[PDB]
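One line per chain: the protein sequences are A and A', in this order. A prime marks a further copy of an entry chain.
Take the first sequence: its position 232, counting from 1, is numbered 232 in PDB author numbering, and each next residue is one higher.
Take the second sequence: its position 291, counting from 1, is numbered 291 in PDB author numbering, and each next residue is one higher.
Worksheet for the structure shown next.
There are 2 protein chains.
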Amino acid sequence: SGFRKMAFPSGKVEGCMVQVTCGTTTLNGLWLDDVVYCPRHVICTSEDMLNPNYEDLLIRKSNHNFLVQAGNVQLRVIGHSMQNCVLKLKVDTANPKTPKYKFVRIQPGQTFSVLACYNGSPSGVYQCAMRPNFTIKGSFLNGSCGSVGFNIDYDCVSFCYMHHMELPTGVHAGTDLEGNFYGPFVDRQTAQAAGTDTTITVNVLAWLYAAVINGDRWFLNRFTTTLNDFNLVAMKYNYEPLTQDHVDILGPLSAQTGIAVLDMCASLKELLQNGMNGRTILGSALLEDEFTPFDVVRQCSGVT
Amino acid sequence: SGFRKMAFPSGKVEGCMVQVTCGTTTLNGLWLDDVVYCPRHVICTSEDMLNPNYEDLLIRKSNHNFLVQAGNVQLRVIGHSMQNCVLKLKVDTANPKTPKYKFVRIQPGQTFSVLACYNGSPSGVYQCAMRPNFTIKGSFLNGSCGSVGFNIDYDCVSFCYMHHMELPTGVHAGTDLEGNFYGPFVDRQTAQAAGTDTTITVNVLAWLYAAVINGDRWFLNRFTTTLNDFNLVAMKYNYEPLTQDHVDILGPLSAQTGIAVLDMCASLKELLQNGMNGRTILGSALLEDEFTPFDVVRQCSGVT
Ligand SMILES: Cc1ccncc1NC(=O)CCc1cccc(Cl)c1
Ligand SMILES: Cc1ccncc1NC(=O)CCc1cccc(Cl)c1
């Protein structure tokens, strides 16, 4: 009973957080095995930020210039390299708390947990999604760079995001753990506007199924629709077009509830056209799109 | 930038979760030092549930009937006792991962993180609040009993909740770590209806301050009000009455933003009387009440 915006238990990732300081800048790093991963902008000053040449700035840095601290103890840096927008600091000690892990590059619509950190110390955990415009709507202040996003499959942590920047509009941009930014963002203090933040249709439908499973059924109607008809409505409301791949992934939710995917689309179409009329669904007065079909199945079944 | 429903990092609590089985019932337990805390209804069958005499049922149980497993290894139970609605199983081994901790009994309006668990294994973490009717709106399935609620002050975990039951309305009830239920609930499968779930006014105001700090300012108006005038409106809308204690706790938010507490009350009064008009505040189309003034300061300042 009940349905909450739930994050993964953060302990496995907490054991990886370290502090990285270069010159006068301090941010977070991720220590896995004998490598510490952090945003390459740790080497920049408040003058380099406008148009930094990272390869040139890195020439002036040696292993001893990167101060890496895990708790109250210092790690010895024995190598460093730049991979895309991240730095990989080789240390002389493998992290004894290294969990089983993978580096994954997620697609828009996919959700993940963020362990926000400051000075290598975890402050909180929340759930968010890679938006269709490749931004994330996080909660990050100065010092949070290097905080990571991840998913967990039983004992394996799949790291998908590293925090690098805040756009002038208060939304967030970052990279995968290979240092490649999601979307067109660059690690520079320049004009970077985000595209249309469309709604993740498949996630809204998954959340409507979660609502039905939890007893909120007022929005179920006597109608059905087609993918093409539904998509005309989705385009009008800045919703992502629904594909047969999305219909297929909603199969287990349709099977559990007995509500055909296209019938749920017709309920969503009416909600888009008529609004909620001051009513709520799972404690929300808007259509929630940061639960994937997999998240709904996981939470509704109790996967650990 | 950004404001999220953020939970505490769960690692310190993950290290305390164990599985407790008695007869054919399995739920979660909390292992701190050499004691494992769990709901006393672990001793009940699906016949005892209607009207259990716990003292009588416990007479038929010995130390060896409580199976306690921490990961894949079994703990030896050398004592057991009942304290209110919880059982305390003394084990022969102190939990090596015991964090610094306290047991606190929270008041309605206070928020905490929940680490939902099944079979002693953590499934997720979310944030919630002790409602004014002493229920919590969680996400719990069968097997989640014994999952705990907590707050963290730097290195000390303050445990405030242990999950015991779901009411027929899908809301949740439980105890503090001394085994005393919040509210009038009893650990019995009987008719237990919840009282009015009023809105936590001081938390809504704190969240309006968080919105202003994060740039969502459309709701700020040219009006002010008094505590008595505001409270007439709060009563009409099933909001908790605001006191000078609440005004005082909002002082730091008023000081940071320069918006007098009574001016923010007047903005909230207009939002109650006029609605949101299809607009949003911090990504919500309703007034959020599960962030305390302390939560807002913490998240807006980056406390670790
Ligand atoms: C201030 C803040 C808040 C939240 N998340 C992240 C941040 N920080 C930033 O955006 C840093 C911007 C930057 C880019 C490239 C070089 C340099 Cl020196 C700085
Ligand atoms: C099924 C569920 C779902 C979520 N949270 C909790 C639960 N479980 C319950 O409410 C258990 C009710 C109970 C009370 C006293 C004795 C016995 Cl045998 C059972």
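C-beta: ideal position from N, C-alpha, C; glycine also.
Among A':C117, A':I152 and A':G215, the one whose alpha carbon lies nearest that of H164 of chain A': The shortest Cα separation from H164 of chain A' among A':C117, A':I152 and A':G215 belongs to A':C117.
Beta-bridge partners of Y239 of chain A, as assigned by DSSP: BP columns for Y239 of chain A point to A:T199.
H164 of chain A - containing beta strand (DSSP E), residue span: Boundaries of the beta strand (DSSP E) around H164 of chain A: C156 to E166.
Supposed contact pair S144 of chain A and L115 of chain A - C-beta distance, whole angstroms, cut 8 angstroms: With 8 angstroms as the limit, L115 of chain A and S144 of chain A do not qualify as a contact, their Cβ atoms being about 10 angstroms apart.
The region 98-127 of chain A: positions lying closer than 9 angstroms to chain A' by Cβ: Correct list: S113, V114, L115, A116, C117, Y118, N119, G120, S121, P122, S123, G124, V125, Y126 and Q127.
Cβ-Cβ separation, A7 of chain A to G124 of chain A' (assumed contact under 8 angstroms), whole Å: Indeed they touch by this definition, with Cβ atoms about 6 angstroms apart.
Where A7 of chain A meets chain A', residues with beta-carbon distance less than 8 angstroms: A7, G124, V125 and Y126, listed in chain order.
Buried or exposed by the 16-neighbour rule on C-beta atoms within 10 Å, applied to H172 of chain A': Around the beta carbon of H172 of chain A', a 10 Å sphere encloses 16 or more other beta carbons of the protein chains shown; the residue is thus reported as buried.
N228 of chain A to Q273 of chain A span [Cα, whole Å]: Taking the straight line joining both Cα atoms gives about 16 angstroms.
Element boundaries [beta strand (DSSP E), containing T25 of chain A']: Here the beta strand (DSSP E) through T25 of chain A' covers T25 to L32.
One or two residues paired with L89 of chain A in a DSSP bridge: When beta bridges are read from the DSSP output, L89 of chain A appears opposite A:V36 and A:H80.
Span of the beta strand (DSSP E) around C300 of chain A': Judged by DSSP secondary structure, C300 of chain A' falls outside any beta strand (DSSP E) and instead within the alpha helix (DSSP H) spanning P293 to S301.
Given 8 angstroms, three or more beta-carbon pairs between the region 32-40 of chain A and the region 19-26 of chain A': Verdict: no, contact absent.
Ligand 1 heavy atom lying under 7 angstroms from the CB of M165 of chain A: For ligand 1, at least one heavy atom lies less than 7 angstroms from the Cβ of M165 of chain A.
Those residues which DSSP pairs with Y118 of chain A' across a bridge: Beta-bridge analysis with DSSP links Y118 of chain A' to A':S121.
Ligand 2 heavy atom lying under 7 angstroms from the CB of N142 of chain A': Distances taken from the Cβ of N142 of chain A' to the heavy atoms of ligand 2 include one shorter than 7 angstroms.
Cβ shell of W31 of chain A (< 7 angstroms), same chain only, five flanking positions each side left out: Excluding positions up to five away in sequence, the list reads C16, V18, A70 and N95.
Enclosing alpha helix (DSSP H) for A255 of chain A' [first to last residue]: Looking at the DSSP string, the run of the alpha helix (DSSP H) that includes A255 of chain A' is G251 to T257.
Pair within 8 angstroms by beta-carbon distance, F291 of chain A and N203 of chain A: Result yes, Cβ atoms of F291 of chain A and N203 of chain A sit closer than 8 angstroms.
Residues in the region 285-303 of chain A' having any Cβ partner in chain A nearer than 9 angstroms: Hits within the stretch, in order: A285, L286, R298, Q299, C300, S301, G302 and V303.
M49 of chain A CB to nearest heavy atom of ligand 1 below 7 angstroms: Within the cutoff, so yes.
heavy atom of ligand 1 below 7 angstroms from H41 of chain A C-beta: Correct: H41 of chain A has its Cβ closer than 7 angstroms to ligand 1.
Residues, ordered as in the chain, of the region 207-234 of chain A that lie near chain A' by beta-carbon distance below 7 angstroms: Contact residues of the region 207-234 of chain A toward chain A' are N214 and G215 (C-beta to C-beta distance below 7 angstroms).
Residues within the region 151-176 of chain A neighbouring chain A', beta-carbon criterion of under 8 angstroms: Along the region 151-176 of chain A, the positions whose C-beta sits under 8 angstroms from a C-beta of chain A' are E166, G170, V171 and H172, read in chain order.
Reduced DSSP secondary structure (H/G/I, E/B, other) of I106 of chain A: Looking at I106 of chain A - three-state DSSP - the assignment turns out to be coil, as it is neither helix nor strand.
Any non-hydrogen atom of ligand 2 within 7 angstroms of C44 of chain A' CB: If you check the C-beta of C44 of chain A' against ligand 2, you find a heavy atom less than 7 angstroms away.
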